[PDB]
Amino acid sequence: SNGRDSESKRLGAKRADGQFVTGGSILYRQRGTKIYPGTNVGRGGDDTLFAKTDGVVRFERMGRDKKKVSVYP
Amino acid sequence: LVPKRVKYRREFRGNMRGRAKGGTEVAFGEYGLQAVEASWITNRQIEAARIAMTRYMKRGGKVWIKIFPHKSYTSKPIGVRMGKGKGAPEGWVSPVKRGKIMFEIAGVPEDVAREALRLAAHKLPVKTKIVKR
Amino acid sequence: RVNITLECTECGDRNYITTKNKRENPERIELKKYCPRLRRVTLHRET
Amino acid sequence: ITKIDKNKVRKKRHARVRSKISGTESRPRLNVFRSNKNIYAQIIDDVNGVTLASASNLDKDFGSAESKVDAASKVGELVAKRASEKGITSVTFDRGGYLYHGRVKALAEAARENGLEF
Amino acid sequence: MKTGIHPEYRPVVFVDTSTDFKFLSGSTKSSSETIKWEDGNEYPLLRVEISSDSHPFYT
Amino acid sequence: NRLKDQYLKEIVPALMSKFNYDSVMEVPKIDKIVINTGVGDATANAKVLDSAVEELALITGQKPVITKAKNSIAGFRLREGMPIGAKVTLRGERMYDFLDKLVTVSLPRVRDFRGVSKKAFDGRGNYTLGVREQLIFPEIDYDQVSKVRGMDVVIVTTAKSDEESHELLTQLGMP
RNA sequence: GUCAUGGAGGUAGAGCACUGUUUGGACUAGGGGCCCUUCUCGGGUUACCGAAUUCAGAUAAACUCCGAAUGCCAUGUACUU
RNA sequence: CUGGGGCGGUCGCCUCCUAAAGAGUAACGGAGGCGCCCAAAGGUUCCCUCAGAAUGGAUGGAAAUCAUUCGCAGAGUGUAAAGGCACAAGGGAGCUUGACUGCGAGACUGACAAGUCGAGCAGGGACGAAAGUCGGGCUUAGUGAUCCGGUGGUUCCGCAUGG
RNA sequence: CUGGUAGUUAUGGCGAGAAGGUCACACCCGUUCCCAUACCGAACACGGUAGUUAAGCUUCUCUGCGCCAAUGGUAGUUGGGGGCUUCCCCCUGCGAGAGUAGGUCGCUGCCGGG
Ligand SMILES: [K+]
Ligand SMILES: [Mg+2]
Ligand SMILES: [Mg+2]
Ligand SMILES: [Mg+2]
Ligand SMILES: [Mg+2]
Ligand SMILES: [Mg+2]
Ligand SMILES: [Mg+2]
Ligand SMILES: [Mg+2]
Ligand SMILES: [Mg+2]
Ligand SMILES: [Mg+2]
């Protein structure tokens with residue numbers, strides 16, 4: 001009666017803290033906001049975080065419990 | 001001893017590495033039976049050990065069972081090949097790790113405590129030490 | 001619930017497919033949609 | 001029964017506004033505070049965390065009003081002016097959590113009437 | 001207060017018949033009867049069963 | 001206006017002098033009176049509610065708000081939404097008017113009364129006057145109505161203790 | 001490849017903050033035994049049951065207030081290859 | 001397919017555990033869902049805060065609707081589960097149809113076929129005072145290629161030429 | 001000193017106690033006007049300043065709850081070795097969670113009035 005599972009969706013970080021990215025680079029794939037859109041970062045319809053401009057990726061604490069990812073030129 | 005209900009009917013066997021994380025110092029009683037090596041203790045063995053203890057004390061003093069058989073185990077019948085999914089739940093066990101105090105007694109003199117506990121130890125599949133608070 | 005096509009009242013063409021529950025919306029749906037032919041918003045009605 | 005703290009619940013609404021609106025050096029925030037008596041405007045940079053232009057209902061300049069709305073129009077007129085002098089054009093209006101209606105509206109309408117582009 | 005939603009709030013005088021006391025208190029249901037007390041500020045009138053002053057538990 | 005005046009003339013000091021309050025601000029006042037009907041039968045027939053609203057309106061001189069159920073209960077045969085009972089909140093002058101008509105004209109139309117039932121304070125400072133029937137209120141006329149429903153009258157005070165509340169309701173005239 | 005630096009990630013361990021499983025004690029609303037006018041409504045009774053409440057104590061692949069070693073991604077004007 | 005084969009069960013998609021703290025990872029391993037729904041349950045503007053308990057109170061009961069107090073969430077989120085969400089992503093109301101047309105730097109995923117995200121540009125709009133947000137829905141299932149047929153459109157072709 | 005508005009993982013919160021006020025800020029008074037309530041001028045909005053620090057606010061005090069937090073030890077574990085092996089031991093490096101000594105009743109801006 002078991003024997004089922006969905007295809008794995010390859011979630012998680014796609015670029016490293018300190019790595020240079022081009023505009024549109026997906027930074028994080030996620031369900032909901034495990035990580036929040038920081039500065040120069042957008043949240044897509046499926047919660048995907050992407051760089052809005054070229055620059056360097058920085059994963060940062062938001063405050064105590066939450067986390068954000070930013071892109072600094 | 002059986003859980004009134006369980007979230008999952010089937011459960012990994014697990015492992016028994018390391019010293020018991022809790023219940024290593026005798027807490028409610030004067031004397032305790034301490035597991036020296038690890039083992040699964042079945043509910044049938046806990047009962048056999050309890051009745052042996054309690055009978056010798058002659059409904060005197062108190063007996064705390066400090067282990068509970070939370071974990072189900074399954075078996076396949078004889079004449080059944082491998083596969084076709086996990087077997088039916090057969091029994092209930094408490095994985096006892098080394099250092100875990102399994103039984104505690106109070107309200108009897110040392111001599112009677114120490115005898116009731118050796119009588120219990122002979123029903124358990126694990127090497128035991130008697131320890132006092 | 002059914003697939004629906006909205007026809008442009010001016011353009012004539014129907015380049016908008018939608019869906020509706022036809023029990024709850026038995027009438028023909030009317031939406032204002034951009035008509036690419038006319039390059040402006042026009043009333044579109046279910047066929 | 002407990003009286004509601006009007007400013008506490010106001011400050012809650014202000015947070016909801018400041019969620020979308022924040023001053024920048026190129027384009028600062030025109031924030032309004034409204035009391036039972038008098039009104040106050042500050043043009044702020046949240047990036048630097050510094051108030052540029054500012055104006056109250058109790059500055060030595062313009063101390064003659066008929067109604068609190070007229071009073072609040074004088075403030076807009078003055079904060080617009082004081083901002084233009086400092087050399088800042090495009091702001092974003094921060095309702096401060098107040099309904100964009102009576103006074104705060106009249107402060108904006110007025111500021112907007114002078115050289116401030118929102 | 002919204003308009004054209006609630007009925008009239010119009011003031012009206014209540015008077016107990018027995019003790020013959022009078023007091024103003026706005027209410028619905030006019031009845032259209034003149035009053036003696038403060039007739040200049042004319043209000044309707046309502047004849048009433050024993051009030052607090054009359055009722056024996058109170059007095 | 002007959003009762004509020006009185007509350008501002010010769011209750012405030014009298015009541016401040018009884019408890020010895022530091023400021024007149026501490027003096028208990030009545031915030032709101034809230035009448036609630038509780039038409040549960042309405043789950044069967046909606047027209048029964050229409051009457052229960054119209055009659056309640058006349059009592060308060062202020063159209064009520066038809067309260068809608070919160071959770072689904074099979075026992076009462078009730079489901080999310082569906083109107084059950086009407087609320088109406090009296091504040092200011094139009095409230096004191098009611099309180100007056102409740103303590104002056106309305107209550108001595110019942111068969112009997114003990115008084116300010118000590119058992120009927122919430123323990124915070126607010127009083128709930130349990131009204132048996134609706135023919136107690138003179139703006140009702142039972143020869144123009146079908147069913148009695150009943151009523152529930154909640155009096156919310158600024159008072160901190162039932163003791164402080166009790167004195168205020170007493171000196172306002174409530175039995 | 002190593003060094004240095006930054007980062008994502010919840011395993012081992014641990015813990016009980018949540019969810020499930022669970023022991024003992026104290027408390028305490030009910031229900032069930034036992035007589036009474038009684039409608040066993042409520043008393044006088046209670047370790048026959050029992051839901052919360054706390055105190056102490058356990059437990060978890062599909063629990064987590066926590067959380068490694070490693071491994072992984074990257075940066076370097078570092079040293080080797 | 002299959003701890004020989006048959007019989008039984010299963011076959012695509014989504015969520016979790018197995019899965020060894022990136023990603024991925026098997027078994028006729030352990031658990032559940034899907035083959036839709038919604039004209040608002042979409043967009044935007046504004047406003048809001050839930051479960052439960054205690055106490056008091058007509059019908060009214062353990063439990064309906066009032067009122068106060070305590071309550072980080074013990075609720076809710078169309079629907080499984082996980083991850084999220086109280087500046088709400090939860091709940092009201094007003095106006096609406098962006099559940100737009102042309103696209104798309106660049107990324108993810110990936111044998112291929114496919115799948116996913118996307119700033120920004122142009123056209124013309126909705127809401128908003130503005131800032132701005134809007135190319136459906138908290139997110140991740142709700143689907144099926146080609147060939148062949150049907151219907152609508154069409155500044156394309158039309159077997160000497162016009163059709 | 002106080003009002004406004006920011007930053008900062010609550011060392012910033014909660015709770016308890018005290019003091020303060022015409023300069024603000026509040027509550028507060030009123031509904032004619034703009035604008036409001038699915039009923040309610042409660043709120044929102046508008047116009048006021050008789051009354052009051054009671055509350056919010058501000059300042060001060062405290063460690064009851066929370067929060068922060070070493071050192072040491074221990075669990076675990078990379079690499080290298082051994083055993084009698086449900087598992088356990090040794091070497092090297094890393095090193096928790098709990099508990100604890102301790103810390104905390106914030107700190108750091110800019111603008112207006114005084
Ligand atoms: K043995
Ligand atoms: Mg898989
Ligand atoms: Mg979508
Ligand atoms: Mg473990
Ligand atoms: Mg775990
Ligand atoms: Mg075989
Ligand atoms: Mg076989
Ligand atoms: Mg993984
Ligand atoms: Mg064809
Ligand atoms: Mg031809």
Side-chain angles (χ1 to χ4, degrees), chain E residues 5-18 21-33 35 43-55 57-58, chain F residues 2-3 32-42 45-67 83-90 93-113 127-155 173-175:
Chain E
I5 300 295
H6 329 71
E8 75 293 351
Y9 293 60
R10 59 100 58 66
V12 56
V13 180
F14 290 65
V15 300
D16 178 43
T17 191
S18 59
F21 268 55
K22 315 192 175 60
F23 72 97
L24 184 68
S25 182
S27 176
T28 57
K29 191 177 66 59
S30 57
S31 309
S32 303
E33 290 294 304
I35 61 170
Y43 313 123
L45 183 75
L46 293 177
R47 199 65 49 66
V48 193
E49 191 263 9
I50 62 175
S51 174
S52 291
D53 50 3
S54 181
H55 188 283
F57 164 72
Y58 288 66
Chain F
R2 173 192 170 289
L3 218 190
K32 57 172 185 295
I33 309 168
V34 184
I35 301 93
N36 183 225
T37 333
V39 183
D41 180 62
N45 185 51
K47 186 171 68 67
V48 171
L49 210 197
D50 189 8
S51 60
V53 160
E54 188 66 9
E55 68 191 15
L56 191 78
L58 291 169
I59 289 173
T60 66
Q62 178 174 303
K63 86 156 283 183
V65 62
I66 298 172
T67 71
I84 162 174
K87 180 202 295 181
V88 74
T89 61
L90 280 75
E93 293 183 1
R94 225 310 181 249
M95 176 189 80
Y96 281 119
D97 286 1
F98 180 74
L99 213 208
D100 190 53
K101 291 208 298 293
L102 212 203
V103 164
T104 305
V105 171
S106 182
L107 275 174
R109 289 171 55 70
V110 183
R111 51 261 191 177
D112 55 355
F113 197 20
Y127 188 74
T128 57
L129 172 56
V131 172
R132 292 288 101 122
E133 296 172 359
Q134 54 179 230
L135 66 99
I136 78 169
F137 221 85
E139 278 91 54
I140 202 70
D141 292 355
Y142 186 60
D143 60 300
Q144 301 294 301
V145 184
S146 58
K147 190 179 184 301
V148 300
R149 287 319 311 165
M151 166 172 308
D152 190 12
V153 165
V154 197
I155 317 177
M174 185 167 219

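In what follows, every chain begins at residue 1, and chains take the letters A, B, ... in the order their sequences are listed. Values below: every heavy atom of this structure, side chains too, minus hydrogens, waters and symmetry copies.
- Applying the side chain to side chain contact (heavy atoms under 4.5 Å, CB included) criterion to E/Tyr58, with sequence neighbours excluded, gives E/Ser52, E/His55, F/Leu107, F/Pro108, F/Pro175.
- What you find for F/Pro64 and F/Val53 is that their closest heavy atoms are CG-CG1, 3.4 Å.
- Atom CD1 of residue F/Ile155 and atom CG of residue F/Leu90 lie 11.0 Å apart, to the nearest 0.5 angstrom.
- Residues meeting the side-chain hydrogen bond (donor to acceptor under 3.5 Å, both in side chains) test with E/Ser54, sequence neighbours left out: E/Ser18.
- Under the ring pair (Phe, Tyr, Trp, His ring centres under 6.0 Å) criterion, F/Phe113 pairs with no residue, sequence neighbours left out.
- Within the structure, side chain to side chain donor-acceptor pair (under 3.5 Å) pairs that include any residue of residues 94-103 of chain F comprise F/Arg2-F/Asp100, F/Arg94-F/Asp97, F/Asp100-F/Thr104 (at least two apart or interchain).
- Applying the ring pair (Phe, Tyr, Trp, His ring centres under 6.0 Å) rule to E/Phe14 yields the partners E/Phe23; only residues at least two apart in sequence or on another chain are considered.
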Can you give me every donor-acceptor pair (side chain of residues 132-151 of chain F, partner residue at least two apart or in another chain, under 3.5 Å) with its distance?
{"residue": "F/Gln134", "atom": "NE2", "partner": "F/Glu55", "partner atom": "OE2", "Å": "2.6"}
{"residue": "F/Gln134", "atom": "NE2", "partner": "F/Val148", "partner atom": "O", "Å": "2.7"}
{"residue": "F/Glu139", "atom": "OE1", "partner": "E/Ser27", "partner atom": "OG", "Å": "2.9"}
{"residue": "F/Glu139", "atom": "OE2", "partner": "E/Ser27", "partner atom": "OG", "Å": "2.9"}

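- Listed by chain and number, the residues in a side-chain hydrogen bond (donor to acceptor under 3.5 Å, both in side chains) with E/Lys22 are E/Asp20 (sequence neighbours excluded).
- Of all heavy-atom pairs between E/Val12 and E/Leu45, the closest is CG2-N, 4.1 Å.
- Under the side chain to side chain contact (heavy atoms under 4.5 Å, CB included) criterion, F/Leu58 pairs with E/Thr28, not counting sequence neighbours.
- Atom CD of E/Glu8 sits in a crowded spot, with more than 12 heavy atoms from other residues, nucleotides or ligands closer than 6.0 Å.
- Distance alone, capped at 3.5 Å, places no donor-acceptor pair between the F/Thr37 side chain and the F/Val39 backbone.
- When all heavy atoms of F/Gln62 and F/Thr60 are compared, the pair lying nearest together is O-OG1, 2.9 Å.
- Here F/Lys32 pairs with D/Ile1, F/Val34, F/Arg91, F/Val156 under the side chain to side chain contact (heavy atoms under 4.5 Å, CB included) rule; sequence neighbours left out.
- Counting heavy atoms from C-beta outward, F/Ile35 and F/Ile59 have side chains that stay 4.5 Å or more apart.
- With sequence neighbours left out, E/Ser31 forms a side chain to side chain contact (heavy atoms under 4.5 Å, CB included) with E/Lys29, E/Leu46.
- Within 6.0 Å of CD on F/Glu54 lie no more than 12 heavy atoms contributed by other residues, nucleotides or ligands.
- Taking OG1 from E/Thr17 and CD1 from E/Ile50, the interatomic distance works out to 12.0 Å, rounded to the nearest 0.5 Å.
- F/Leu129 contributes atom CG, which lies 10.0 Å from atom CD1 of F/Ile33 (distance to the nearest 0.5 angstrom).
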